[PDB]
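Engineer: File name my_file12.csv; file contents CSV, N, CA and C atoms; full text below.
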chain,number,residue,atom,x,y,z
B,73,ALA,N,83.2,100.7,85.1
B,73,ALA,CA,82.1,101.4,84.3
B,73,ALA,C,82.6,102.7,83.7
B,74,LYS,N,83.3,103.5,84.5
B,74,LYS,CA,83.8,104.8,84.1
B,74,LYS,C,85.3,104.9,84.4
B,75,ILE,N,85.6,104.8,85.7
B,75,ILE,CA,87.0,104.8,86.2
B,75,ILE,C,87.4,103.5,86.8
B,76,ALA,N,88.6,103.0,86.3
B,76,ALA,CA,89.1,101.7,86.9
B,76,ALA,C,89.7,101.9,88.3
B,77,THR,N,89.2,101.1,89.2
B,77,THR,CA,89.6,101.3,90.6
B,77,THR,C,90.3,100.0,91.2
B,78,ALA,N,90.6,100.1,92.5
B,78,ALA,CA,91.3,99.0,93.2
B,78,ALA,C,90.7,98.8,94.6
B,79,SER,N,90.5,97.5,94.9
B,79,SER,CA,89.9,97.2,96.2
B,79,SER,C,90.8,96.2,97.0
B,80,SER,N,90.5,96.0,98.2
B,80,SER,CA,91.3,95.1,99.1
B,80,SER,C,90.4,94.1,99.9
B,81,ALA,N,90.9,92.9,100.2
B,81,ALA,CA,90.3,92.0,101.1
B,81,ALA,C,91.3,91.3,102.0
B,82,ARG,N,90.7,90.7,103.1
B,82,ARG,CA,91.5,90.0,104.1
B,82,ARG,C,90.7,88.8,104.5
B,83,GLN,N,91.2,87.6,104.3
B,83,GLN,CA,90.6,86.3,104.8
B,83,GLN,C,90.2,86.4,106.2
B,84,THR,N,88.9,86.1,106.5
B,84,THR,CA,88.3,86.2,107.9
B,84,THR,C,88.6,85.0,108.7
B,85,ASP,N,88.4,85.2,110.0
B,85,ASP,CA,88.6,84.1,111.0
B,85,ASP,C,87.4,84.0,111.9
B,86,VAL,N,86.8,82.8,112.0
B,86,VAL,CA,85.6,82.6,112.8
B,86,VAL,C,85.8,81.4,113.7
B,87,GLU,N,85.5,81.6,115.0
B,87,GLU,CA,85.5,80.5,116.0
B,87,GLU,C,84.7,80.9,117.2
B,88,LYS,N,84.0,79.8,117.7
B,88,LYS,CA,83.2,79.9,119.0
B,88,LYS,C,83.8,79.0,120.0
B,89,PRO,N,83.5,79.2,121.3
B,89,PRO,CA,83.9,78.2,122.3
B,89,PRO,C,83.2,76.8,122.0
B,90,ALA,N,84.0,75.8,122.3
B,90,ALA,CA,83.5,74.4,122.1
B,90,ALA,C,82.2,74.1,122.8
B,91,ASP,N,81.1,74.0,122.1
B,91,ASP,CA,79.7,73.8,122.6
B,91,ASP,C,79.5,72.4,123.3
B,92,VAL,N,78.4,72.3,124.0
B,92,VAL,CA,78.1,71.1,124.8
B,92,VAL,C,77.0,70.3,124.0
B,93,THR,N,77.2,69.0,123.9
B,93,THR,CA,76.2,68.1,123.3
B,93,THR,C,75.8,67.0,124.3
B,94,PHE,N,74.6,66.6,124.2
B,94,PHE,CA,74.0,65.6,125.1
B,94,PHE,C,73.9,64.2,124.5
B,95,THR,N,74.2,64.1,123.2
B,95,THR,CA,74.1,62.8,122.5
B,95,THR,C,75.4,62.1,122.5
B,96,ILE,N,75.4,60.8,122.9
B,96,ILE,CA,76.5,59.9,122.9
B,96,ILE,C,76.9,59.4,121.5
B,97,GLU,N,78.2,58.9,121.4
B,97,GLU,CA,78.7,58.4,120.1
B,97,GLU,C,78.7,56.9,120.0
B,98,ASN,N,79.8,56.3,120.6
B,98,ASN,CA,80.0,54.9,120.5
B,98,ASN,C,79.4,54.1,121.7
B,99,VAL,N,79.3,52.8,121.5
B,99,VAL,CA,78.7,51.9,122.5
B,99,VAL,C,79.5,52.0,123.8
N,100,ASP,N,98.6,92.6,78.5
N,100,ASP,CA,99.0,93.3,77.3
N,100,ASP,C,97.8,93.6,76.4
N,101,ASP,N,97.1,94.7,76.7
N,101,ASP,CA,96.0,95.1,75.9
N,101,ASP,C,95.6,96.6,76.2
N,102,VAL,N,94.9,97.2,75.2
N,102,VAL,CA,94.5,98.6,75.4
N,102,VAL,C,93.3,98.8,76.3
N,103,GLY,N,93.5,99.6,77.4
N,103,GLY,CA,92.4,99.8,78.3
N,103,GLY,C,91.3,100.8,77.8
N,104,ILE,N,90.1,100.5,78.3
N,104,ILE,CA,89.0,101.3,77.9
N,104,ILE,C,88.6,102.4,78.9
N,105,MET,N,88.5,101.9,80.2
N,105,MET,CA,88.2,102.9,81.3
N,105,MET,C,89.4,103.8,81.5
N,106,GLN,N,89.2,105.0,81.8
N,106,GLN,CA,90.2,106.1,82.0
N,106,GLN,C,91.1,105.7,83.2
N,107,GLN,N,92.4,106.0,83.1
N,107,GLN,CA,93.4,105.7,84.1
N,107,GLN,C,93.6,106.8,85.1
N,108,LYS,N,94.8,106.8,85.7
N,108,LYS,CA,95.1,107.8,86.8
N,108,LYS,C,96.4,108.6,86.4
N,109,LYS,N,96.4,109.8,86.9
N,109,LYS,CA,97.5,110.8,86.6
N,109,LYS,C,98.1,111.5,87.8
N,110,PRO,N,99.4,111.9,87.7
N,110,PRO,CA,100.1,112.6,88.8
N,110,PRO,C,99.5,113.8,89.5
N,111,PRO,N,99.0,114.8,88.8
N,111,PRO,CA,99.0,115.2,87.4
N,111,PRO,C,99.9,116.4,87.0
N,112,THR,N,100.2,116.4,85.6
N,112,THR,CA,101.1,117.4,85.0
N,112,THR,C,101.0,118.9,85.5
N,113,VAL,N,102.1,119.6,85.6
N,113,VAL,CA,102.1,121.0,86.1
N,113,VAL,C,103.1,121.8,85.3
N,114,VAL,N,102.8,123.1,85.0
N,114,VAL,CA,103.7,124.0,84.3
N,114,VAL,C,104.6,124.7,85.3
N,115,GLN,N,105.8,125.1,84.8
N,115,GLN,CA,106.8,125.7,85.7
N,115,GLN,C,107.6,126.9,85.1
N,116,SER,N,108.8,126.7,84.6
N,116,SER,CA,109.7,127.8,84.2
N,116,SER,C,109.6,128.2,82.7
N,117,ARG,N,109.4,129.4,82.4
N,117,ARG,CA,109.2,129.9,81.0
N,117,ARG,C,110.0,131.2,80.7
N,118,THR,N,110.0,132.2,81.5
N,118,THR,CA,110.6,133.5,81.2
N,118,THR,C,112.1,133.5,81.1
N,119,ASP,N,112.7,134.6,80.9
N,119,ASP,CA,114.1,134.7,80.6
N,119,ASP,C,115.0,135.1,81.9
N,120,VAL,N,114.3,135.0,83.0
N,120,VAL,CA,115.0,135.1,84.3
N,120,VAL,C,114.2,134.3,85.4
N,121,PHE,N,114.8,133.3,85.9
N,121,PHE,CA,114.1,132.3,86.8
N,121,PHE,C,114.4,132.7,88.3
N,122,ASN,N,115.6,132.4,88.7
N,122,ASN,CA,116.0,132.4,90.1
N,122,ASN,C,115.2,131.4,90.9
N,123,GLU,N,115.2,130.1,90.5
N,123,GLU,CA,114.6,129.1,91.2
N,123,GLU,C,115.4,128.6,92.4
N,124,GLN,N,114.8,127.8,93.3
N,124,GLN,CA,115.4,127.5,94.6
N,124,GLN,C,115.4,126.0,94.9
N,125,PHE,N,114.4,125.2,94.2
N,125,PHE,CA,114.3,123.8,94.4
N,125,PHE,C,113.8,123.3,95.8
N,126,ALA,N,113.0,124.2,96.4
N,126,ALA,CA,112.4,123.8,97.7
N,126,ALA,C,111.2,122.9,97.4
N,127,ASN,N,110.8,122.1,98.4
N,127,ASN,CA,109.7,121.1,98.3
N,127,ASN,C,110.0,119.9,97.4
N,128,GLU,N,109.1,119.8,96.3
N,128,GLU,CA,109.3,118.8,95.2
N,128,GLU,C,108.7,117.4,95.3
N,129,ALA,N,108.3,117.1,96.6
N,129,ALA,CA,107.5,115.9,96.9
N,129,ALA,C,108.2,114.5,96.8
N,130,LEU,N,109.0,114.3,95.8
N,130,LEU,CA,109.7,113.0,95.6
N,130,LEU,C,108.9,111.9,94.9
N,131,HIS,N,107.6,112.1,94.9
N,131,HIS,CA,106.7,111.1,94.1
N,131,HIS,C,106.8,111.4,92.6
N,132,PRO,N,106.8,110.3,91.8
N,132,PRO,CA,106.9,110.5,90.3
N,132,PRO,C,105.8,111.3,89.8
N,133,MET,N,106.2,112.5,89.2
N,133,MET,CA,105.2,113.4,88.6
N,133,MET,C,105.6,113.9,87.2
N,134,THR,N,104.9,114.8,86.6
N,134,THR,CA,105.2,115.3,85.3
N,134,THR,C,105.1,116.8,85.3
N,135,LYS,N,106.1,117.4,84.5
N,135,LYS,CA,106.2,118.9,84.4
N,135,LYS,C,106.3,119.3,83.0
N,136,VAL,N,105.3,120.1,82.5
N,136,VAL,CA,105.2,120.6,81.2
N,136,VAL,C,105.7,122.0,81.1
N,137,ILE,N,106.5,122.3,80.0
N,137,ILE,CA,107.1,123.6,79.8
N,137,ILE,C,106.0,124.6,79.3
N,138,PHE,N,105.4,124.3,78.2
N,138,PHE,CA,104.4,125.2,77.6
N,138,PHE,C,103.0,125.1,78.3
N,139,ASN,N,102.4,126.2,78.5
N,139,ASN,CA,101.1,126.3,79.1
N,139,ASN,C,99.9,125.9,78.2
N,140,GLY,N,99.1,124.9,78.5
N,140,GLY,CA,97.9,124.6,77.8
N,140,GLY,C,98.2,124.2,76.3
N,141,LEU,N,98.8,123.0,76.1
N,141,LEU,CA,99.1,122.5,74.8
N,141,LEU,C,98.0,121.6,74.2
N,142,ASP,N,98.3,120.3,74.2
N,142,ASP,CA,97.3,119.3,73.8
N,142,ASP,C,96.4,119.7,72.7
N,143,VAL,N,96.9,120.1,71.5
N,143,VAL,CA,96.1,120.6,70.4
N,143,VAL,C,96.1,119.6,69.2
N,144,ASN,N,95.0,118.9,69.1
N,144,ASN,CA,94.7,118.0,68.0
N,144,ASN,C,93.2,117.5,68.0
N,145,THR,N,92.4,118.5,67.6
N,145,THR,CA,90.9,118.4,67.7
N,145,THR,C,90.3,117.6,66.5
N,146,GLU,N,91.1,117.2,65.6
N,146,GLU,CA,90.6,116.5,64.4
N,146,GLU,C,90.3,115.0,64.7
N,147,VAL,N,89.1,114.6,64.4
N,147,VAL,CA,88.6,113.3,64.6
N,147,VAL,C,88.2,112.7,63.2
N,148,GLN,N,88.8,111.5,62.9
N,148,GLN,CA,88.6,110.8,61.6
N,148,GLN,C,87.8,109.6,61.8
N,149,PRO,N,86.5,109.7,61.5
N,149,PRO,CA,85.6,108.5,61.6
N,149,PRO,C,85.9,107.5,60.5
Could the structure of this file be written out as structure tokens, please?
Structural biologist:
Amino acid sequence: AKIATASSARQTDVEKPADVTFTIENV
Amino acid sequence: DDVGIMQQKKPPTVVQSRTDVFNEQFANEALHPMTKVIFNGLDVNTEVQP
């Protein structure tokens, strides 16, 4: 708009511990 | 490759040696790319042509 600037970013990392499910899959 | 509209960035320029006896020492100096002008307060061209 007035002064040309510079910014920075860093790709983020997201992970949780493997959760528990009660539903079965195959026969 | 194009002419910028928003104002840029500067070092910025500084005045230094003028008189007929200096005796400079060259202490400091920074090492970063800068600019040094001889004459104090120049930049004279106030005419604008619409």
Engineer: Considering all atoms listed in the file, extract the chain N residues located within 8 Å of chain B and return them as a ChimeraX atom specification.
Structural biologist: /N:104-108
Engineer: Excluding residue 111 of chain N and its own-chain neighbours fewer than 4 positions away, which residues fall within 8 Å of it when counting all atoms listed in the file? Please give them as a PyMOL selection string.
Structural biologist: chain N and resi 132-136
Engineer: How many Å separate atom CA of residue 118 of chain N from atom CA of residue 138 of chain N?
Structural biologist: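 Computing it gives 11.0 Å between the two atoms.
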Engineer: Between atom CA of residue 109 of chain N and atom CA of residue 142 of chain N, what is the spacing in Å?
Structural biologist: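 Value for the atom CA of residue 142 of chain N-atom CA of residue 109 of chain N distance: 15.4 Å.
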Engineer: Rounded to one decimal in Å, what is the spacing between atom C of residue 113 of chain N and atom C of residue 101 of chain N?
Structural biologist: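 Between atom C of residue 113 of chain N and atom C of residue 101 of chain N the gap is 27.8 Å.
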